[PDB]
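The structure appears right after this line, and notes come after that.
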Amino acid sequence: XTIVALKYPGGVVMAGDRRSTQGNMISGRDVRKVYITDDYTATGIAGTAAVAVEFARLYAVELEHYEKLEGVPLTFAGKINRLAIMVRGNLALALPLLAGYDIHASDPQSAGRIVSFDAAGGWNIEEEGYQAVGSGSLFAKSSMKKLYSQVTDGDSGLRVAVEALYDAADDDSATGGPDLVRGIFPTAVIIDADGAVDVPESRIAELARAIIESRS
Amino acid sequence: XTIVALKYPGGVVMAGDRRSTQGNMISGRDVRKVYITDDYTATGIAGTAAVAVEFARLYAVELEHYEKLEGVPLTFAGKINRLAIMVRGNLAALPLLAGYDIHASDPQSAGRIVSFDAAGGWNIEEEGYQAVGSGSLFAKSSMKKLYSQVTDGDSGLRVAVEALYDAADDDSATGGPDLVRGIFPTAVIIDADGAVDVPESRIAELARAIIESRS
Amino acid sequence: XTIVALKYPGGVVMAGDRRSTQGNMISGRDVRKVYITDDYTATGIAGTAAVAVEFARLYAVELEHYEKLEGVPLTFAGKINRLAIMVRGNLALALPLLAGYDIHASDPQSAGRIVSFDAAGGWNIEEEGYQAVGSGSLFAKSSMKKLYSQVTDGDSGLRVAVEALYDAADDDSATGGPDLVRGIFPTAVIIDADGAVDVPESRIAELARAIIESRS
Amino acid sequence: XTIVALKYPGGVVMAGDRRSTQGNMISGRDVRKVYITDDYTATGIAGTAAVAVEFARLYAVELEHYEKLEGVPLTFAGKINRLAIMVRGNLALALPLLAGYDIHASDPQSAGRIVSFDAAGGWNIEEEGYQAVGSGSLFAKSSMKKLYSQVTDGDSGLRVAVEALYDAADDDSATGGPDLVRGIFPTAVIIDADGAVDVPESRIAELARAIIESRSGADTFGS
Amino acid sequence: XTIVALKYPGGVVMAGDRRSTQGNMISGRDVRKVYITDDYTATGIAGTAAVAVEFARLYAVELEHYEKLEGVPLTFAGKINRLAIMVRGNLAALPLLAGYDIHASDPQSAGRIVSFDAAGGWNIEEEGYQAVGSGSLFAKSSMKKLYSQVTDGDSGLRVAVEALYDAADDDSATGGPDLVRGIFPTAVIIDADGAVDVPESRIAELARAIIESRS
Amino acid sequence: XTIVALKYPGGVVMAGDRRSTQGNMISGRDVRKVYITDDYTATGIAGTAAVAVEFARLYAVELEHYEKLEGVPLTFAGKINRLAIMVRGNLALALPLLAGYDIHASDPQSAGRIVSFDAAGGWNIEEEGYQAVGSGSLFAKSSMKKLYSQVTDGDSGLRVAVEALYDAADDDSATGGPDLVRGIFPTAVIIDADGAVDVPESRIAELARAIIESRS
Amino acid sequence: XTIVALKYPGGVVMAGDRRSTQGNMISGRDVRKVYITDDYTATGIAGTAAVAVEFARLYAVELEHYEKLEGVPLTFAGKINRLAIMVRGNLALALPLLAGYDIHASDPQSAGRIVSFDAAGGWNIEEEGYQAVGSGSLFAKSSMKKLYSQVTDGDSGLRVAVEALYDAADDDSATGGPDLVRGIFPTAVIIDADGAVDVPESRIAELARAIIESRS
Amino acid sequence: XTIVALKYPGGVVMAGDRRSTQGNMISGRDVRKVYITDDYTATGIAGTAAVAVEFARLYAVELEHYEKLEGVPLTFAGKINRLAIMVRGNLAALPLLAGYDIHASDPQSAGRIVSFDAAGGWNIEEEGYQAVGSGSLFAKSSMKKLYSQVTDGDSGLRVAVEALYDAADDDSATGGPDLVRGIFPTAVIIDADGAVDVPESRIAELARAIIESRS
Amino acid sequence: XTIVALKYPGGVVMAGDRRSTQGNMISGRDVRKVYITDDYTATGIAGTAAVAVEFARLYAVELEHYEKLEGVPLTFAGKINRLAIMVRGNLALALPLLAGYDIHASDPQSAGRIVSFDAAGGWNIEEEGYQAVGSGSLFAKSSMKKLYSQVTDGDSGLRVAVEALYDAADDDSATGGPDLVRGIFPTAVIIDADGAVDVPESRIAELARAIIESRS
């Protein structure tokens, strides 16, 4: 499976595929892996439907718990720290990709944030513009490398994220491509100054068919 | 990967997917797994391009070698025996053989399907269809519900394509019809007139109707 | 062993075979694996008689314990959460299949629910209409795939569930088929807006006879 | 899988189920495990279609090979010896059950012979009247133990062999019972003074349906 | 070793052999494996004299402990539950429980047989009989052919002794009736009037008759 | 299983049980383990029917082979030597017990011979009067120890041999006792100056039945 | 290390990096991995300098051996077969990538051939236009995937091959990038109707400098 | 990865590369491994971004915690001791501490370099320089030949950068200066006025100079 | 132990230390590891006295064997080939460092040759000017890297070789430094157009004393 995230001027986009496999067997076709965790963040886990929703749920509870207790949300660094504590506490096997928007950053155009976790449970702020986790991560990053220069805005950032997932699926049998027969497409979240919002299934569908039409 | 074979009145059909994998990665998209080995037989191996082509080439040479030396082809039972000897000598994947016995008393049921188990033992199929590979269970269960629709060569071919489609739908290691690249399963059809490669165009038309039908 | 569950307009049906084996030996012929756990839920486990009944008993006590303590039943999401907690706590073995009817969903015809658990103890709300667990699950699912379009009501839902179990037994020696000599047939639960009810053995018997007759 | 053999007055009968499994999966429903090997012998292997047929084929070639070379068949003891040599040489797995009729034995009524092979490849002449090999063999033997007193000729012999296989399937998921939907039933060979002959499917099909009808009536009476 | 239990009209009978082995050596000839655990139950363990007696003693203590505390005996389901809790607590040697439910609606079928699998799970036996131990498969296959003869307590007891005889005949770890030393299987019979130990004299007569009929 | 052999004034007797087991299961009730190998020797193996018969057959062939080639039988030392070569060659498993009568020994009363083989294939001429091999050997030897003083001829010798086998069965579940129901009893060979002869089943039945009545 | 090959209108190009490593240590900086094996073929091995030179030498001898003995070169299918026999004989390690031009093909524009070998020693005629082997193969292939539409002739074919190697080095520490300090660049062979020729270091040097300047 | 530290007259310099790898794959290009921990110390870890920052953060918290509680900073020996306790507690991957002891009598040599061995044992480096990581031997052998050129903070920083350059030139796991992306080693310089981060522009200039010199 | 080799304008020089160790213990102080193998070659092995001399002896016999049989020496490429064959034959241990002068090369100033062998037995022609093998090879190469620009002739080349060995011994306890108490110094061979000659111990001693004085 593959989760991708990328920064564009004004925000960040995270997209995840819909497959789950048990060996060579397809065990899921609608797995939702990316979830909004707070007004300005979203988590993506390249694992099972349960691992992805249970992690996001516990994390969202922790963020809101702080907000109610202290009257104000944690700073972006504090959100990463709580996440890192949660990830290290679970390893003592899949790791989170966090997308966020820092409402306190001085430059709004680059306030988008991508944070990844390595095998040992260590956090990493991504400074190259994009990142990907999971079995098709390399194919997705190599695809984004050649396409990232086309990212000038929210929509274009979303096309590139869908095209990276398409490339991941094209080369990794463990990542699910757009399913035109069943109408199932990658999920995605977009975060900017106005907050985190789920991208409509219809918008991703049009982007996925444009890619398919273009490659045909 | 998946190879299917089915019997239809007056013939047999064998079809194979086009994928190859190395762990989770797609290493091949146009792998040819089914090959005509003599006028009346075809072999299919649920493995790499090389194992499938090399096994068929050696088998084809052995069948033609006998015909030139003795002046007549081996009987169907002798073809299986040579195949079994070749498989057992290699274990010290597994092939699926489709054939047509020109000497059987009933032309309509002269189609033959022979599979091989893990220990290298042969098996003449009597239920009408067989499948080998990682998606064989899905293919077999699909053919179980569709076989009653096989009345001739064409509907046999359609069921073989749909069985492969179902194998791909549920097995990530088997490749479905690729409409973007125009790559489809390969197939061989054997009847009293001999073994012939099925044209890509017909497979593509059938694959399109199956997709449209499921959509 | 095989347990199947499928959604039909207005409800859900869960059915299980009656076999139990110890290696190649048939150790049981009347094993009941599906149990009603509350007015709107049923659980099925592809294991021994004791695992299936003990799990169902503990789960039924937990749902009623909540209802008596707080005066109202848990929501459907709460029922799954309690089930997930119980499953993850036992993994410290066969996975439960949950069938339910959410009396609080906005749409009554699609209010039927099917929840499965993976090897790691993770829950999954099934969205494709049916699901199966156990040694004959792949044969039952491939059978349901070809027969699902025939489900238009509870009776046609019941028949497809029995036929999926029949196909599971036909290809998997660990799943028991209908025993006409002893009069032993798969058990089944049907849940709709009026609650969960055990399907009478006689109707399963007639459905099994009709499947056998048409295959003959 | 289960193979059974039993002696009846004037002969012997050997019967085998039709299933093959790969773990819990049913891989075969038409497996033929019992084969005539010469005019007076048959072999049965509780294994795959190929092991059963390949072993029988090699054994039959060996018996006929001797007959063509020496002008006369091996004695019964010589057939067992050749068989044992072939089994011990393959232990370099399922063990065969051989059924035969010794045309040179003094008493024709008891001239039926059953020979089994243990894990170490050692032969055993059965002297209790019956034997079974395979995963359902204990269920088949315990069934024959209670039914053997009913064996008085070829037909009752065949019937008890079919019931023993039925009982093996009833308790062992790796042994296949009669399939009334597909019309598939156990195969059998019967050997007497006139030689070895394959039992027709029709009589085995009738006997299997009769066993099922009796069991079904007995079950209703019991409840 | 082998323990057998069977239901008969109006009750249930449980019987056990008397042997104990250490590898191939006979270490015991008068091992008592079946014990009355309360007025309506008995347990049998296919193990050593100590395991059989110690488990039965602890179970009987627990049943009477409840009765003295609460004033009434546990229901039959409760007795199974306590037994299962005791078995699972010992595994983290599989008992056969035979009983008579005085509260069941139909007295003729009120007999109960409960077994335990390797994982410690309970199973109410609905087929009429059950057996545990190294000779259990032989005893069950014998009862399968003889159960139609069970019409009352005496014929139930006869079938139970013959199933044990057949277990011994085929399993060297189960002891047959020893006519030289006068040692025979032990048995308990439970009906509406409660659990009673069957006198050695009736078992001896049955064994002698079984032996005579086989000679 | 058990094989016993004992010397009596004038000769030697060797007896064996009839059981064969596969774990705890009785696989044979009729196994013959003792065979006459030439006019003055017999072998017994506490193993399967095939091992016992096959060894004896090969040994008998070898002894007769020498006699035809050389015109005279091997001396007793030569017979033991050929046996040892055969045993050491098969260890390149159960061990044979040879019972013989040396027709050239000067004292005919003590001309009886018993030769055993240890785990490493080494031969041993027994000098204590008796020997036993197999799973019930210690029980048989300890029984012969207390009964040996009653051995004065072939008949009291045969009786002691049957009683030792009965004691072996009484304490070792792998050794078969006299089966009165089926009429199956231990086999026995007695060798003296007139050669080796199979003891009639009727003499063994009479001895076994008497040991039984006496202990009753 | 990485070797790449691609087909262009009228021929084929193969290029290899120059690094060799022993664990994390750089053990070589001028390793030549691609060699012309006959007038119309070249081999590349993603291994040490010795493995790449020795394999190429033996293969070249074998091809010329046939030509001197038979008077004519092997057909391209015969060249692949001899190669496969050599590879399978050594696997009883790194696998070769063959680049060739079939002078006997009917369409000259597409006569370029690329043959790869899998872990089991099996040959594969690449039909997708390009292939790569070694530790940076995946990065090189994902780069070529996006750049292949730019290959219209030999020069643009050579440029993409160099850019694919650059991309492999950029992401895989085991593959060597262009060393401007030492003046060491990837090597390359180009094969068309006029035969196999070593591409001059100067052309590869210009192509690598333009690639670097455009990434800057 | 490689971290280097060296003493110059009046202070100490510590520099780290920017790469991270997962086997042979480059996973990071901008990893920061060297952190100022207090007004007079810096730590460098030849590991991942996270291990480096987390270790430095915890150590910085512990130094400042002491200062607020006690009113005065720990002595340099006390800072080493707290670091050692922290390192030994994490083994029940190894840091390089650079510092300046404001309390030492001779200001010119008050720079301090402390390393940790595999067993968690501390070592005050008394030869002038040290390096940890996969390229450490190459870096130390380079500094051995260049150390005589260190007469001040600037020449000290230049030798630190050239040692890192040599580590990358011979170890694929250490990243060299990336002129395409404009990413260079990071560095901290500590003297009597405290620990300060070295501007990237200053490092980039040195790196270009080394590259121009070698070409 | 360490062996170093470097090319100077007009030839090549190879030098080796004199220590041998059995674990932490010094077992040898006068081990000669570098030997002249023919008029234009020398081999050095970072191993025991016997391995170094036995290898050199077998290799020297092979080169002279060819010369006597065919009348002319092998070409340089053929000498390497024979050496590689000998190395691969011994691996199916410490690896040979070969120093030589190709008297048939067009440019005599660069005719010096250095050939190393990797763990797998593969040969490598060194193009960077110097090479080293053994436990102190990395220290020697990093020292030569900084000092190589000083090599302008035979004498300065010899000084740099001795100073590389000095640096190896300074950082590696298994490599032996110059021993002033016993008068034992590294051995060395120098090869140019006039052939291979052993460097006199007195010249090495003066260079070693100058290096020691300079570091003091």
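Here is how names work: the chains are called A, B, and so on, in the same order as the sequence lines, proteins then strands, and each is numbered from 1.
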- request: Report yes if some heavy atom in the side chain of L97(G) is under 4.5 Å from a heavy atom in the side chain of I3(G); otherwise report no.
  value: yes
- request: Starting from the C-alpha separation in whole Å, work towards a yes-or-no answer on salt bridge (charged side-chain N to carboxylate O under 4.0 Å, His left out) for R214(H) and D166(H).
  value: CA-CA 11 Å; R214(H) 311 248 177 134; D166(H) 282 313; 2.9 Å; yes
- prompt: Does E126(I) come within less than 4.0 Å of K7(I), counting only side-chain N to carboxylate O?
  reply: no
field: ring-ring contact (aromatic ring centres under 6.0 Å, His included) involving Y148(G) - partner list, sequence neighbours excluded
entry: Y130(G)
message: Can you confirm whether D171(A) sits close enough to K145(G) that some side-chain heavy atom of one is under 4.5 Å from a side-chain heavy atom of the other?
response: yes
query: Charged N to carboxylate O below 4.0 Å: is that the case for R209(G) and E206(G)?
result: no
task: Would you name the heavy atoms of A49(G) and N124(I) that are closest together and state the gap between them?
output: CB-ND2, 4.2 Å
message: Is the shortest side-chain heavy-atom distance between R182(G) and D169(H) below 4.5 Å?
response: yes
query: Among pairs that include at least one residue of residues 82-95 of chain I, which meet side-chain hydrogen bond (donor to acceptor under 3.5 Å, both in side chains), considering only residues two or more places apart or in two chains?
result: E62(I)-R82(I)
- request: Would you mind reporting whether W123(I) and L98(I) have side-chain heavy atoms less than 4.5 Å apart?
  value: no
query: Do you see a donor-acceptor pair shorter than 3.5 Å between the side chains of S173(G) and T21(H)?
result: no
field: Test item: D192(G) and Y8(G) side chains (from C-beta on) under 4.5 Å apart, heavy atoms
entry: yes
message: Can you give me the closest heavy-atom contact between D153(G) and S156(G), atom names plus distance?
response: OD1-OG, 2.7 Å
message: In the structure I gave you, are the side-chain heavy atoms of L180(G) and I212(G) within less than 4.5 Å of one another anywhere?
response: yes
query: Distance only, no hydrogens: is a donor on one side chain within 3.5 Å (strictly under) of an acceptor on the other, for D171(H) and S134(H)?
result: yes
- request: State which residues pass side-chain contact (heavy atoms from CB on, under 4.5 Å) with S142(G); sequence neighbours excluded, sorted by chain then number.
  value: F139(A), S142(A)
